[PDB]
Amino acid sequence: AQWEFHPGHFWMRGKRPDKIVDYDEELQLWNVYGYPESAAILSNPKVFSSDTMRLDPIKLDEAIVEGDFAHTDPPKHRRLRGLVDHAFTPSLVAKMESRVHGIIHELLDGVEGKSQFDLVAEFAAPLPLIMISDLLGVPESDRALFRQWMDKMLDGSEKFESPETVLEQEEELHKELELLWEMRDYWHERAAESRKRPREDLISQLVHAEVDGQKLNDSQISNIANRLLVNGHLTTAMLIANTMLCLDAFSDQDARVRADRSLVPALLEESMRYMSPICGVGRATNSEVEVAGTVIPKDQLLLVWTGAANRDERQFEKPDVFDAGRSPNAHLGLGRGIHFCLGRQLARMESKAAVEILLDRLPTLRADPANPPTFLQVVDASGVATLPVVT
């Protein structure tokens, strides 16, 4: 519908890309919009690196960014990703799903007196933030410190699609550095405290974990926790809020889901296909490559538009139709390959619980017609930042 998407997100307005691959001369980067091409790129990490900072004229020191396996390639990626995967022990997962319904009901008890409110600010954002905070074992008071950090990182994320001078890049890189130091000194004290009093959380698991036979340092622990927070917060808030927005918009699909509650998981996946919280990811070419019959030189920044790939009619029938029960749905919303979303199970468990409970407790919940949603002002994300609702 007449929704105010990021102007760069042409696929949300039902437009096909003119070329599967193009070059942005003003930003000095390459764009890929096709599904088979994107999928192949994500499955070829040896050629398409996730270490995009390699191409920056000004960089952070490697010791400072290590542990952020989202920007790490083989052979070192698997170790890092492995510890964290492992760290998500079967007890932890169980404990998380045991807590999510409690958190959700608690949130909605918070808006019980309100006939009108912002679903994102009141519900959809706090829930995944709270879940990850508890998983990391930080006190509730520290959830504040995280929402603070997440607007600085949301601020730095914004205007990434504007051209930047080498000096502006230095300025951004220095504010990023100050924030990494504050987090590093934070996680340093959570590590100490966890060593002093271990608990049933992820940090407790991390202080014992080892790479190359050595335990992790403050920078590794900090960069892993930061990556869980940043990757798992607003992505999940958007999936929850996009999903309620789409149900409101497509009353036929809404009716299907209310009538047949077994559709909710497939609804969430289709929500991801159709309005992809992460709608593009960055890659750097290690060598010269051909993509959709287009030659891309060595050392280039390539934006893989998973949001656009997800509307590719070569992969999906009627890709611009929202189908709550869509199957099969091998969308790229969660990535593909070695960097495939680590928190996928938690994100699906949370979102499912959230939608289900919104449907049961607030069956009259609707998008406020006097007050439309706004979309997140970040080019690699397709989702709502505000969703005023009325009961």
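Heads up: residue numbers just count along the shown sequence, starting at 1.
Stretches 347-355 and 49-57 differ in mean CA B factor, with 49-57 having the higher one.
With 193-201 and 282-290 compared on mean CA B-factor from the PDB entry, the stretch scoring higher is 193-201. Highest C-alpha temperature factor among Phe123, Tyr274, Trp305, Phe160, as the PDB entry reports it: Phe160. In the PDB entry, the Cα temperature factor peaks, among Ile132, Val100, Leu167, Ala255, at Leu167. Per the deposited record, the Cα B-factor of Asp18 falls in the highest third when ranked against the other modelled residues of its chain.
Sorting the modelled residues of the chain by their CA temperature factor places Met12 in the lowest third. In the deposited entry, the Cα temperature factor of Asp320 places it in the middle third of its chain's modelled residues. Annotation for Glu37: C-alpha temperature factor in the middle third relative to the rest of the modelled chain, per the entry. In the deposited entry, the Cα temperature factor of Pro74 sits in the middle third of values across the chain's modelled residues.
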